[PDB]
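Colleague: Coordinates in target_8.pdb, PDB, C-alpha atoms (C1' of nucleotides), are listed below.
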ATOM      1  CA  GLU Z   1      -4.997 -12.037  57.973  1.00  0.00           C
ATOM      2  CA  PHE Z   2      -5.408  -8.840  56.020  1.00  0.00           C
ATOM      3  CA  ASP Z   3      -8.138  -6.653  54.608  1.00  0.00           C
ATOM      4  CA  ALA Z   4      -7.815  -3.984  51.858  1.00  0.00           C
ATOM      5  CA  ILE Z   5      -4.723  -3.177  49.770  1.00  0.00           C
ATOM      6  CA  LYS Z   6      -3.528   0.443  49.902  1.00  0.00           C
ATOM      7  CA  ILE Z   7      -1.326   2.140  47.293  1.00  0.00           C
ATOM      8  CA  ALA Z   8       0.507   5.466  47.574  1.00  0.00           C
ATOM      9  CA  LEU Z   9       3.538   7.457  46.510  1.00  0.00           C
ATOM     10  CA  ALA Z  10       6.976   6.428  47.737  1.00  0.00           C
ATOM     11  CA  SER Z  11       8.556   8.928  50.096  1.00  0.00           C
ATOM     12  CA  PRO Z  12      12.375   8.772  50.242  1.00  0.00           C
ATOM     13  CA  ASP Z  13      12.267   8.027  53.962  1.00  0.00           C
ATOM     14  CA  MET Z  14       9.799   5.228  53.239  1.00  0.00           C
ATOM     15  CA  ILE Z  15      12.142   3.836  50.584  1.00  0.00           C
ATOM     16  CA  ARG Z  16      14.948   3.916  53.130  1.00  0.00           C
ATOM     17  CA  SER Z  17      12.614   2.020  55.454  1.00  0.00           C
ATOM     18  CA  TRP Z  18      12.164  -0.673  52.794  1.00  0.00           C
ATOM     19  CA  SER Z  19      15.835  -1.088  52.085  1.00  0.00           C
ATOM     20  CA  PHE Z  20      18.703  -2.928  53.733  1.00  0.00           C
ATOM     21  CA  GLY Z  21      21.814  -1.235  52.347  1.00  0.00           C
ATOM     22  CA  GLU Z  22      23.028   1.149  49.664  1.00  0.00           C
ATOM     23  CA  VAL Z  23      24.314  -0.422  46.469  1.00  0.00           C
ATOM     24  CA  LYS Z  24      27.467   1.301  45.253  1.00  0.00           C
ATOM     25  CA  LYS Z  25      29.164  -0.925  42.690  1.00  0.00           C
ATOM     26  CA  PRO Z  26      27.916  -2.245  39.332  1.00  0.00           C
ATOM     27  CA  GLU Z  27      29.705  -5.588  39.680  1.00  0.00           C
ATOM     28  CA  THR Z  28      27.463  -8.525  40.532  1.00  0.00           C
ATOM     29  CA  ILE Z  29      29.451 -11.741  41.149  1.00  0.00           C
ATOM     30  CA  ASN Z  30      32.981 -12.887  40.398  1.00  0.00           C
ATOM     31  CA  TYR Z  31      32.783 -16.169  38.318  1.00  0.00           C
ATOM     32  CA  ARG Z  32      36.196 -17.277  39.581  1.00  0.00           C
ATOM     33  CA  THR Z  33      34.614 -17.850  42.937  1.00  0.00           C
ATOM     34  CA  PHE Z  34      30.854 -17.947  42.502  1.00  0.00           C
ATOM     35  CA  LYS Z  35      30.460 -16.097  45.810  1.00  0.00           C
ATOM     36  CA  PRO Z  36      29.130 -12.590  45.098  1.00  0.00           C
TER      37      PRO Z  36
ATOM     38  CA  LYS R   1      40.241 -10.560  40.355  1.00  0.00           C
ATOM     39  CA  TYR R   2      37.093  -9.893  38.338  1.00  0.00           C
ATOM     40  CA  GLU R   3      35.594 -11.859  35.500  1.00  0.00           C
ATOM     41  CA  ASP R   4      32.332 -10.003  35.909  1.00  0.00           C
ATOM     42  CA  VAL R   5      29.379 -12.115  34.803  1.00  0.00           C
ATOM     43  CA  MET R   6      27.584  -9.156  33.180  1.00  0.00           C
ATOM     44  CA  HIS R   7      30.130  -9.635  30.365  1.00  0.00           C
ATOM     45  CA  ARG R   8      28.801 -13.186  29.862  1.00  0.00           C
ATOM     46  CA  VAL R   9      25.091 -12.374  29.682  1.00  0.00           C
ATOM     47  CA  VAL R  10      23.235 -14.106  26.867  1.00  0.00           C
ATOM     48  CA  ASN R  11      21.375 -11.770  24.535  1.00  0.00           C
ATOM     49  CA  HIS R  12      18.429 -14.179  24.699  1.00  0.00           C
ATOM     50  CA  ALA R  13      16.226 -12.196  22.325  1.00  0.00           C
ATOM     51  CA  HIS R  14      18.710 -12.206  19.453  1.00  0.00           C
ATOM     52  CA  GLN R  15      16.073 -12.920  16.795  1.00  0.00           C
ATOM     53  CA  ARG R  16      13.507 -10.234  17.559  1.00  0.00           C
ATOM     54  CA  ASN R  17      12.617  -7.447  15.215  1.00  0.00           C
ATOM     55  CA  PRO R  18      13.950  -4.256  16.854  1.00  0.00           C
ATOM     56  CA  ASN R  19      10.592  -2.506  16.470  1.00  0.00           C
ATOM     57  CA  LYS R  20       8.628  -4.944  18.634  1.00  0.00           C
ATOM     58  CA  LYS R  21       7.784  -3.874  22.161  1.00  0.00           C
ATOM     59  CA  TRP R  22       7.456  -5.131  25.774  1.00  0.00           C
ATOM     60  CA  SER R  23      10.585  -7.302  25.560  1.00  0.00           C
TER      61      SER R  23
ATOM     62  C1'  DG N   1      42.289 -19.388  15.889  1.00  0.00           C
ATOM     63  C1'  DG N   2      41.873 -18.320  20.632  1.00  0.00           C
ATOM     64  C1'  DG N   3      42.329 -17.483  25.483  1.00  0.00           C
ATOM     65  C1'  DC N   4      42.283 -13.584  28.528  1.00  0.00           C
ATOM     66  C1'  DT N   5      39.898  -9.437  29.591  1.00  0.00           C
ATOM     67  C1'  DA N   6      36.363  -7.170  29.812  1.00  0.00           C
ATOM     68  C1'  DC N   7      31.587  -0.896  27.580  1.00  0.00           C
ATOM     69  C1'  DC N   8      33.686   2.937  32.223  1.00  0.00           C
ATOM     70  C1'  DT N   9      28.113   4.890  25.247  1.00  0.00           C
ATOM     71  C1'  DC N  10      28.957   4.890  18.813  1.00  0.00           C
ATOM     72  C1'  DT N  11      25.946   5.599  13.998  1.00  0.00           C
ATOM     73  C1'  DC N  12      22.725   4.704  10.609  1.00  0.00           C
ATOM     74  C1'  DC N  13      20.261   0.678  11.051  1.00  0.00           C
ATOM     75  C1'  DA N  14      15.035   1.228   9.969  1.00  0.00           C
ATOM     76  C1'  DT N  15      11.145   1.516   6.214  1.00  0.00           C
ATOM     77  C1'  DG N  16       4.020  -3.422   4.504  1.00  0.00           C
ATOM     78  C1'  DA N  17      -1.530  -1.414  10.695  1.00  0.00           C
ATOM     79  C1'  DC N  18      -5.557   0.395  11.849  1.00  0.00           C
ATOM     80  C1'  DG N  19      -9.027   2.236  14.870  1.00  0.00           C
ATOM     81  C1'  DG N  20      -9.979   4.872  18.353  1.00  0.00           C
ATOM     82  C1'  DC N  21      -9.643   8.276  21.844  1.00  0.00           C
ATOM     83  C1'  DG N  22      -7.984  11.951  24.189  1.00  0.00           C
ATOM     84  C1'  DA N  23      -4.727  15.624  24.917  1.00  0.00           C
ATOM     85  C1'  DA N  24      -1.877  19.735  22.990  1.00  0.00           C
ATOM     86  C1'  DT N  25      -1.636  23.141  19.910  1.00  0.00           C
ATOM     87  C1'  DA N  26      -3.670  25.954  15.129  1.00  0.00           C
ATOM     88  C1'  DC N  27      -6.496  28.951  13.924  1.00  0.00           C
ATOM     89  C1'  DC N  28     -10.412  32.152  12.919  1.00  0.00           C
ATOM     90  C1'  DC N  29     -12.437  35.974  14.012  1.00  0.00           C
TER      91       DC N  29
ATOM     92  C1'  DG I   1      -9.143  35.280  24.153  1.00  0.00           C
ATOM     93  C1'  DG I   2     -12.865  31.514  23.271  1.00  0.00           C
ATOM     94  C1'  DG I   3     -14.558  27.796  20.736  1.00  0.00           C
ATOM     95  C1'  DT I   4     -13.463  24.852  17.247  1.00  0.00           C
ATOM     96  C1'  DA I   5     -10.087  21.447  14.330  1.00  0.00           C
ATOM     97  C1'  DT I   6      -5.931  19.142  13.476  1.00  0.00           C
ATOM     98  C1'  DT I   7      -2.055  16.720  14.302  1.00  0.00           C
ATOM     99  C1'  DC I   8       0.198  13.868  17.520  1.00  0.00           C
ATOM    100  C1'  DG I   9       0.863  10.346  20.742  1.00  0.00           C
ATOM    101  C1'  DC I  10      -0.595   6.135  23.255  1.00  0.00           C
ATOM    102  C1'  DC I  11      -3.024   1.324  23.508  1.00  0.00           C
ATOM    103  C1'  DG I  12      -4.822  -2.835  21.654  1.00  0.00           C
ATOM    104  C1'  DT I  13      -4.961  -6.519  18.622  1.00  0.00           C
ATOM    105  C1'  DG I  14      -7.869 -15.303  20.880  1.00  0.00           C
ATOM    106  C1'  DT I  15      -6.639 -19.329  24.106  1.00  0.00           C
ATOM    107  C1'  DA I  16      -4.090 -23.909  25.310  1.00  0.00           C
ATOM    108  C1'  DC I  17      -0.096 -26.885  23.521  1.00  0.00           C
ATOM    109  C1'  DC I  18       4.035 -29.836  20.643  1.00  0.00           C
ATOM    110  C1'  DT I  19       8.831 -30.059  18.340  1.00  0.00           C
ATOM    111  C1'  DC I  20      13.463 -27.765  16.982  1.00  0.00           C
ATOM    112  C1'  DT I  21      17.562 -23.978  17.114  1.00  0.00           C
ATOM    113  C1'  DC I  22      19.916 -20.273  19.568  1.00  0.00           C
ATOM    114  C1'  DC I  23      22.382 -17.970  22.790  1.00  0.00           C
ATOM    115  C1'  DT I  24      29.913 -12.815  23.768  1.00  0.00           C
ATOM    116  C1'  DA I  25      33.083  -8.943  21.416  1.00  0.00           C
ATOM    117  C1'  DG I  26      37.857  -7.597  20.781  1.00  0.00           C
ATOM    118  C1'  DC I  27      42.411  -8.355  20.262  1.00  0.00           C
ATOM    119  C1'  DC I  28      46.898  -9.096  20.630  1.00  0.00           C
ATOM    120  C1'  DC I  29      48.683 -12.537  20.640  1.00  0.00           C
TER     121       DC I  29
ATOM    122  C1'   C W   1      15.585 -25.107  34.441  1.00  0.00           C
ATOM    123  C1'   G W   2      16.407 -18.862  31.322  1.00  0.00           C
ATOM    124  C1'   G W   3      13.883 -16.455  27.255  1.00  0.00           C
ATOM    125  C1'   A W   4      13.324 -15.453  22.377  1.00  0.00           C
ATOM    126  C1'   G W   5      12.477 -17.002  17.363  1.00  0.00           C
ATOM    127  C1'   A W   6      10.802 -20.698  13.447  1.00  0.00           C
ATOM    128  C1'   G W   7       7.515 -24.478  12.054  1.00  0.00           C
ATOM    129  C1'   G W   8       3.180 -27.373  13.455  1.00  0.00           C
ATOM    130  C1'   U W   9      -1.664 -28.970  16.219  1.00  0.00           C
ATOM    131  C1'   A W  10      -7.178 -27.688  17.746  1.00  0.00           C
TER     132        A W  10
END
If you took the structure in this file and wrote it as structure tokens, what would it be?
Modeller:
Amino acid sequence: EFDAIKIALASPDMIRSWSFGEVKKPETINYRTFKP
Amino acid sequence: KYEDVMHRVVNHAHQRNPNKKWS
DNA sequence: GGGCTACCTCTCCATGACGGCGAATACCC
DNA sequence: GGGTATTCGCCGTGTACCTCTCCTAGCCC
RNA sequence: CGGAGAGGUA
């Protein structure tokens, strides 16, 4: 499948390529409904 | 209507000496 | 006592390891 | 300033397992 | 099925 592992610094554009959406609130789930 | 679970989080290391590390 | 709502950062807790190694100053001309 | 000491800061310190206990504060009701 | 602590085993 894959040869050698490469490691490098994390560019901000590369981090935005990893992601799937900005987190903006510190709340996690609700506990009244367990849906997040 | 929030009962945010981060106010229910168990302090699961409640017996550790405060000077120990890595946890 | 206890059920509902939530920290959306305040002070002295501490105090009995030792070796080693390397970096960041201290100093002596 | 150049080489040498001295303090200061980090890293580390044996494996596998078996029981048990213990997990939230504040407050205005 | 989450991690700490205490004791114990070799």
Colleague: Padding 3 Å on each side, edges along x, y and z: where is the centre of the box around the listed atoms of stretch 6-20 of chain R, and how long are its edges in Å to one decimal? Output it as lines of an AutoDock Vina configuration file.
Modeller:
center_x = 19.4
center_y = -8.3
center_z = 24.2
size_x = 27.5
size_y = 17.7
size_z = 24.0
Colleague: Record the distance separating atom CA of residue Z:33 and atom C1' of residue N:1, expressed in Å with one decimal.
Modeller: 28.2 Å
Colleague: Report as a PDB file with C-alpha atoms, in the frame of the given file the set of chain R residues whose atoms approach chain I to within 10 Å, with distances computed over only C-alpha atoms (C1' of nucleotides).
Modeller:
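Wrote iface.pdb, looks like this:
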ATOM      1  CA  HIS R   7      30.130  -9.635  30.365  1.00  0.00           C
ATOM      2  CA  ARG R   8      28.801 -13.186  29.862  1.00  0.00           C
ATOM      3  CA  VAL R   9      25.091 -12.374  29.682  1.00  0.00           C
ATOM      4  CA  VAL R  10      23.235 -14.106  26.867  1.00  0.00           C
ATOM      5  CA  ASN R  11      21.375 -11.770  24.535  1.00  0.00           C
ATOM      6  CA  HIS R  12      18.429 -14.179  24.699  1.00  0.00           C
ATOM      7  CA  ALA R  13      16.226 -12.196  22.325  1.00  0.00           C
ATOM      8  CA  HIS R  14      18.710 -12.206  19.453  1.00  0.00           C
ATOM      9  CA  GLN R  15      16.073 -12.920  16.795  1.00  0.00           C
TER      10      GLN R  15
END
Colleague: By how many Å are atom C1' of residue N:11 and atom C1' of residue W:4 apart?
Modeller: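 Distance between the two atoms: 25.9 Å.
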Colleague: Using only C-alpha atoms (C1' of nucleotides), select each residue of chain N with any atom at most 9 Å away from an atom of chain R, and give the selection as a ChimeraX atom specification.
Modeller: /N:5-6,14
Colleague: List, as a PyMOL selection string, every residue that the PyMOL selection byres ((chain W) within 12 of (chain R)) selects in the file provided.
Modeller: chain W and resi 2-6
Colleague: Could you please tell me, as number ranges by chain, which residues of chain Z have an atom within 10 Å of chain R when using all atoms listed in the file?
Modeller: Z: 26-34
Colleague: Do you have the atom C1' of residue N:3-atom CA of residue Z:36 distance handy?
Modeller: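 Calculated distance between atom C1' of residue N:3 and atom CA of residue Z:36 is 24.1 Å.
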Colleague: My structure is short of atoms at stretch 19-34 of chain Z; please model N, CA and C atoms there, returning them as a compact mmCIF listing (two decimals), in the frame of the given file.
Modeller:
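Output file selection_18.txt is given in full below:
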# COMPACT_ATOMS: atom_id res chain seq x y z
N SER Z 19 14.58 -0.56 52.59
CA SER Z 19 15.84 -1.09 52.08
C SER Z 19 16.62 -1.81 53.17
N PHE Z 20 17.79 -2.31 52.79
CA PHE Z 20 18.70 -2.93 53.73
C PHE Z 20 20.16 -2.58 53.46
N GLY Z 21 20.44 -1.60 52.62
CA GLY Z 21 21.81 -1.24 52.35
C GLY Z 21 22.00 -0.63 50.98
N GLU Z 22 22.78 0.45 50.91
CA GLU Z 22 23.03 1.15 49.66
C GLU Z 22 23.91 0.32 48.75
N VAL Z 23 23.52 0.23 47.49
CA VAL Z 23 24.31 -0.42 46.47
C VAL Z 23 25.21 0.62 45.83
N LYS Z 24 26.51 0.33 45.74
CA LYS Z 24 27.47 1.30 45.25
C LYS Z 24 28.32 0.82 44.09
N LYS Z 25 28.31 -0.46 43.76
CA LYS Z 25 29.16 -0.92 42.69
C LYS Z 25 28.35 -1.68 41.65
N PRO Z 26 28.68 -1.54 40.37
CA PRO Z 26 27.92 -2.24 39.33
C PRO Z 26 28.28 -3.71 39.17
N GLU Z 27 29.35 -4.18 39.80
CA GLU Z 27 29.70 -5.59 39.68
C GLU Z 27 28.72 -6.45 40.45
N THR Z 28 28.50 -7.67 39.97
CA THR Z 28 27.46 -8.52 40.53
C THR Z 28 28.03 -9.74 41.25
N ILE Z 29 28.71 -10.64 40.55
CA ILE Z 29 29.45 -11.74 41.15
C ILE Z 29 30.79 -11.85 40.43
N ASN Z 30 31.57 -12.87 40.78
CA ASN Z 30 32.98 -12.89 40.40
C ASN Z 30 33.32 -13.88 39.29
N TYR Z 31 32.67 -15.04 39.26
CA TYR Z 31 32.78 -16.17 38.32
C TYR Z 31 34.08 -16.96 38.50
N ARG Z 32 35.06 -16.44 39.23
CA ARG Z 32 36.20 -17.28 39.58
C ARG Z 32 35.87 -18.04 40.85
N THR Z 33 35.44 -17.31 41.88
CA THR Z 33 34.61 -17.85 42.94
C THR Z 33 33.19 -17.42 42.63
N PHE Z 34 32.24 -18.34 42.76
CA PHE Z 34 30.85 -17.95 42.50
C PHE Z 34 30.23 -17.16 43.64
